[PDB]
Structure formats: structure tokens, C-alpha cells
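As provided, query-v8.cif (mmCIF, C-alpha atoms) reads as follows.
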data_structure
loop_
_atom_site.label_atom_id
_atom_site.label_comp_id
_atom_site.auth_asym_id
_atom_site.auth_seq_id
_atom_site.Cartn_x
_atom_site.Cartn_y
_atom_site.Cartn_z
CA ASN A 1 96.72 -8.10 144.73
CA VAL A 2 98.91 -7.50 147.79
CA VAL A 3 99.26 -5.39 150.90
CA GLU A 4 102.69 -3.85 151.44
CA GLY A 5 104.03 -1.43 154.02
CA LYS A 6 106.23 -0.63 156.99
CA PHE A 7 105.82 -0.43 160.75
CA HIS A 8 107.27 2.79 162.18
CA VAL A 9 107.94 2.89 165.91
CA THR A 10 109.53 5.49 168.20
CA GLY A 11 109.95 5.47 171.95
CA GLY A 12 112.02 5.97 175.04
CA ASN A 13 112.11 5.42 178.78
CA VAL A 14 109.23 6.06 181.11
CA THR A 15 110.17 9.47 182.49
CA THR A 16 108.12 9.38 185.72
CA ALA A 17 110.49 7.02 187.54
CA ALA A 18 114.20 6.24 187.62
CA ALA A 19 115.49 4.52 184.49
CA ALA A 20 117.94 1.67 184.95
CA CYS A 21 119.16 1.94 181.34
CA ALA A 22 119.55 4.29 178.40
CA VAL A 23 117.54 3.41 175.29
CA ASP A 24 119.90 2.87 172.37
CA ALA A 25 119.69 5.68 169.80
CA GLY A 26 119.18 3.05 167.09
CA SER A 27 116.05 1.81 168.89
CA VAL A 28 114.29 5.11 169.64
CA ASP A 29 113.21 5.47 165.98
CA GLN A 30 112.89 2.41 163.74
CA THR A 31 111.04 1.32 160.62
CA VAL A 32 110.24 -2.37 160.17
CA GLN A 33 109.53 -3.70 156.69
CA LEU A 34 106.43 -5.88 156.94
CA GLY A 35 106.88 -7.30 153.43
CA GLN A 36 104.65 -8.09 150.48
CA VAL A 37 101.67 -10.28 151.37
CA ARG A 38 99.04 -11.51 148.92
CA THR A 39 95.48 -10.71 149.98
CA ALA A 40 94.60 -14.37 149.36
CA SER A 41 96.75 -15.20 152.41
CA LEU A 42 94.82 -12.55 154.40
CA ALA A 43 91.35 -13.51 153.17
CA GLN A 44 89.58 -14.05 156.51
CA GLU A 45 89.51 -12.67 160.04
CA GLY A 46 92.37 -14.04 162.12
CA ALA A 47 94.71 -14.76 159.20
CA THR A 48 98.21 -13.42 159.85
CA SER A 49 101.37 -12.78 157.86
CA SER A 50 104.80 -14.11 158.76
CA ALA A 51 106.13 -11.98 161.60
CA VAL A 52 109.13 -9.69 161.16
CA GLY A 53 111.55 -9.10 164.02
CA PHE A 54 112.64 -5.86 165.61
CA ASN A 55 114.59 -5.17 168.80
CA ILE A 56 114.73 -2.51 171.49
CA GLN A 57 118.28 -2.28 172.80
CA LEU A 58 119.02 -0.85 176.24
CA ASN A 59 122.50 0.36 177.17
CA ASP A 60 124.46 0.99 180.37
CA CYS A 61 121.94 -0.84 182.54
CA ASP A 62 122.49 -0.77 186.30
CA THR A 63 120.68 -3.67 187.96
CA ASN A 64 121.03 -1.94 191.34
CA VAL A 65 118.45 0.54 190.01
CA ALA A 66 116.12 -2.12 188.60
CA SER A 67 116.38 -5.82 187.77
CA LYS A 68 113.74 -5.99 185.01
CA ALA A 69 112.48 -4.04 182.01
CA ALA A 70 109.31 -4.21 179.94
CA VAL A 71 107.81 -2.21 177.08
CA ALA A 72 104.31 -0.81 176.49
CA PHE A 73 103.15 0.29 173.04
CA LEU A 74 100.58 2.94 172.13
CA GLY A 75 98.76 3.23 168.82
CA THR A 76 95.33 3.52 167.25
CA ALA A 77 93.42 0.26 167.59
CA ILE A 78 91.89 -0.85 164.30
CA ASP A 79 88.47 -1.27 165.92
CA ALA A 80 86.91 -1.84 169.32
CA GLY A 81 86.92 -5.60 168.65
CA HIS A 82 90.71 -5.80 168.04
CA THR A 83 92.48 -3.59 170.59
CA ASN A 84 95.77 -5.43 169.93
CA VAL A 85 95.72 -4.62 166.20
CA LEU A 86 96.94 -1.28 164.86
CA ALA A 87 94.89 0.69 162.38
CA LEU A 88 96.62 1.41 159.09
CA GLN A 89 97.75 4.90 158.15
CA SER A 90 95.99 6.57 155.25
CA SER A 91 97.93 6.78 151.99
CA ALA A 92 97.64 8.51 148.63
CA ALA A 93 97.86 5.14 146.83
CA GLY A 94 94.81 3.87 148.73
CA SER A 95 95.42 1.83 151.86
CA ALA A 96 94.37 -1.77 152.33
CA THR A 97 91.28 -2.59 154.38
CA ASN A 98 90.24 -5.31 156.83
CA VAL A 99 93.87 -5.69 157.94
CA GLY A 100 96.03 -4.13 160.63
CA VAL A 101 99.42 -4.62 162.31
CA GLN A 102 100.16 -6.52 165.52
CA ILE A 103 103.16 -6.22 167.83
CA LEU A 104 104.27 -9.48 169.47
CA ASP A 105 106.67 -9.88 172.38
CA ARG A 106 109.04 -12.81 172.97
CA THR A 107 106.14 -14.99 174.15
CA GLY A 108 104.45 -14.64 170.75
CA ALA A 109 101.44 -12.87 172.26
CA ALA A 110 100.07 -9.79 170.53
CA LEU A 111 100.24 -6.79 172.84
CA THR A 112 97.43 -4.41 173.68
CA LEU A 113 98.14 -0.96 172.29
CA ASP A 114 96.72 1.35 174.96
CA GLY A 115 100.03 2.46 176.51
CA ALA A 116 99.26 0.67 179.80
CA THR A 117 99.90 -2.99 178.90
CA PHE A 118 103.54 -3.89 179.30
CA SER A 119 105.31 -6.74 177.52
CA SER A 120 106.78 -9.75 179.29
CA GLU A 121 109.48 -8.69 181.74
CA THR A 122 113.11 -9.08 180.70
CA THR A 123 115.59 -9.83 183.48
CA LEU A 124 118.50 -7.42 182.98
CA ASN A 125 122.21 -7.90 183.14
CA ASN A 126 124.38 -4.87 183.72
CA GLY A 127 125.32 -3.10 180.51
CA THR A 128 123.57 -3.80 177.22
CA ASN A 129 120.30 -5.73 176.99
CA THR A 130 118.00 -6.34 174.04
CA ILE A 131 114.24 -6.88 174.22
CA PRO A 132 113.07 -8.64 171.03
CA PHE A 133 109.70 -8.06 169.39
CA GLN A 134 107.92 -8.93 166.17
CA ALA A 135 105.42 -7.22 163.87
CA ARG A 136 102.99 -8.77 161.41
CA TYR A 137 99.74 -8.20 159.53
CA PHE A 138 96.48 -9.37 161.11
CA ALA A 139 93.30 -9.70 159.04
CA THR A 140 90.01 -8.47 160.49
CA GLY A 141 88.21 -9.75 157.38
CA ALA A 142 88.88 -10.26 153.67
CA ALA A 143 91.86 -7.97 153.16
CA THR A 144 91.92 -5.69 150.11
CA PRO A 145 95.16 -4.69 148.35
CA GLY A 146 96.95 -1.42 148.95
CA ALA A 147 99.52 0.27 151.17
CA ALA A 148 99.49 -1.09 154.73
CA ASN A 149 101.63 1.10 156.99
CA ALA A 150 101.21 1.45 160.75
CA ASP A 151 102.92 3.42 163.49
CA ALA A 152 103.18 3.29 167.27
CA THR A 153 105.17 4.63 170.19
CA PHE A 154 106.71 2.75 173.12
CA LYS A 155 107.75 3.35 176.71
CA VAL A 156 110.29 1.26 178.64
CA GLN A 157 109.35 0.65 182.28
CA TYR A 158 111.73 -0.70 184.92
CA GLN A 159 110.88 -2.87 187.91
#

Output the file's structure in the form of C-alpha cells.
Amino acid sequence: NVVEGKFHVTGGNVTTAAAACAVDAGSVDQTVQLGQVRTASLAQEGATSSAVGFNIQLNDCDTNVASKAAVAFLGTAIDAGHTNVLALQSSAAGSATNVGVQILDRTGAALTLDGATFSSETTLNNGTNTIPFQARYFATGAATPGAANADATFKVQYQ
């Protein structure tokens, strides 16, 4: 009686303004294992699984172009009442219900997933910089077992 799955995320720079950095090729397409979580530990709205880390690495940054970077994520919100929780992908094995996936920035806050809400700003050094994130399961009710995969895309904005 578990939910198990992965978080798949792809992304790149905002392309409508100058980019201070290149996005590392290892960060533009990643899959984060969310783990095996018993539904008993996701039995009520608000319950969350232990978060799993993932990073977005930026290379060759020039702080004369911009001093800060942040990341916005886009994905399907699980419902209108939880716009910072990703809906699960469908699966042949039958996907879990009443549970979605959240993306957290360094501050621990779950991020809105509408492509317009940027994470906390990271002050850049020249060269390589890493922006750390986390992913976890979030229960919108009594979770039911089954595959629990989610996907999203990201854009890196410079300021």
C-alpha cells in the first residue's frame, strides 16, 4: 500500500532577455526519485513525504550581465485549491490519487507552478553556481496506492 514514482523536470534559460549563465547540460533534463511512501503516511490533506533534493547548475556566469538568478516552474496543478502541487501523470499500473508533487526552493517554500512565480533569488559568483531545490509528495486527502509520477519544466531568469 504505497505510492512510488519519479519527478521529471526539463528546462533552460529565459530566452527573452540576456542570460548571464549557461544551464549545465546535466540540469536541463533530470529525473528525481521520490521514493516509496506508505499511504498511511499520506492519509490526510497536508501530509507530506520526506523531500528529495535536486539541483540546477549554471555555468560560465558573468556577473557583469546579471548578479542574481531565479527559477520558475510550470506544470499542471493538481486542483484549483493546490496551485503549488503538481498533478500526477496517468499510468498503466493505475496512478495514486489524492496526492501530488511539490517543488521546494532553498527556503523550504513550495513554489507555484504557473511559470510566472520565480524561486528565491540566488546571488551569483562568476563561473559555476548551483541553485538547490527539493521535491516531495503532498497529500490532498487520503492517498491511495499506485504510481505517482509528475513532470514540470523550468526557466532560469536573471536580474

When you look at residue 38 in chain A with a cut-off of 10 Å (counting only C-alpha atoms), what residues show up, excluding the ones that are within fewer than 4 positions of it in the same chain? I need them as a PyMOL selection string.
chain A and resi 1-4+42-43+49+143-145

Output for the residues just chosen: C-alpha atoms as a PDB file, keeping the file's coordinate frame:
ATOM      1  CA  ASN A   1      96.720  -8.100 144.730  1.00  0.00           C
ATOM      2  CA  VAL A   2      98.910  -7.500 147.790  1.00  0.00           C
ATOM      3  CA  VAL A   3      99.260  -5.390 150.900  1.00  0.00           C
ATOM      4  CA  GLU A   4     102.690  -3.850 151.440  1.00  0.00           C
ATOM      5  CA  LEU A  42      94.820 -12.550 154.400  1.00  0.00           C
ATOM      6  CA  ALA A  43      91.350 -13.510 153.170  1.00  0.00           C
ATOM      7  CA  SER A  49     101.370 -12.780 157.860  1.00  0.00           C
ATOM      8  CA  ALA A 143      91.860  -7.970 153.160  1.00  0.00           C
ATOM      9  CA  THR A 144      91.920  -5.690 150.110  1.00  0.00           C
ATOM     10  CA  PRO A 145      95.160  -4.690 148.350  1.00  0.00           C
TER      11      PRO A 145
END

Which residues are close to range 71-80 of chain A, i.e. within 10 Å by only C-alpha atoms, leaving aside same-chain residues fewer than 5 positions away? Reply as a PyMOL selection string.
chain A and resi 9-14+56+85-89+98-103+105+111-122+131+133+140+150-158

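Reported to one decimal place, the separation of CA of residue 106 in chain A from CA of residue 60 in chain A is 22.0 Å.
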
Using all atoms listed in the file, the shortest atom-to-atom distance to residue 67 in chain A among A:109, A:104, A:25, A:20 belongs to A:20

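In this model, the gap between CA of residue 27 in chain A and CA of residue 68 in chain A comes to 18.1 Å.
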
Name the residues that the PyMOL selection byres ((chain A and resi 95) around 7) picks from the file above, as a PDB file with C-alpha atoms, keeping the file's coordinate frame, using the file's chain letters and numbers.
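And here is the file that came out, part24.pdb:
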ATOM      1  CA  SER A  90      95.990   6.570 155.250  1.00  0.00           C
ATOM      2  CA  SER A  91      97.930   6.780 151.990  1.00  0.00           C
ATOM      3  CA  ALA A  93      97.860   5.140 146.830  1.00  0.00           C
ATOM      4  CA  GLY A  94      94.810   3.870 148.730  1.00  0.00           C
ATOM      5  CA  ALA A  96      94.370  -1.770 152.330  1.00  0.00           C
ATOM      6  CA  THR A  97      91.280  -2.590 154.380  1.00  0.00           C
ATOM      7  CA  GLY A 146      96.950  -1.420 148.950  1.00  0.00           C
ATOM      8  CA  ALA A 147      99.520   0.270 151.170  1.00  0.00           C
ATOM      9  CA  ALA A 148      99.490  -1.090 154.730  1.00  0.00           C
TER      10      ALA A 148
END

Nearest-residue call for residue 53 in chain A, choices A:40, A:34, A:17, A:70, using only C-alpha atoms:
A:34

Best match for closeness to residue 128 in chain A among A:57, A:63, A:15, A:107, counting only C-alpha atoms:
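Of the candidates, the smallest distance to residue 128 in chain A is held by A:57.
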
Please list as a list in words every residue within 6 Å of residue 51 in chain A, counting only C-alpha atoms and excluding residues in the same chain fewer than 2 positions away.
residues 134, 135 and 136 of chain A

Decode the PyMOL selection byres ((chain A and resi 61) around 6) for the given file into explicit residues and return them as JSON, numbers by chain.
{"A": [20, 21, 59, 60, 62, 126, 127]}

Coordinates-based distance that separates CA of residue 18 in chain A from CA of residue 65 in chain A (Å, one decimal)
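Rounded to one decimal, the two atoms are 7.5 Å apart.
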
Taking into account all atoms listed in the file, which residue in the set A:16, A:110, A:159, A:35 is nearest to residue 52 in chain A?
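The shortest atom-to-atom distance to residue 52 in chain A comes from A:35.
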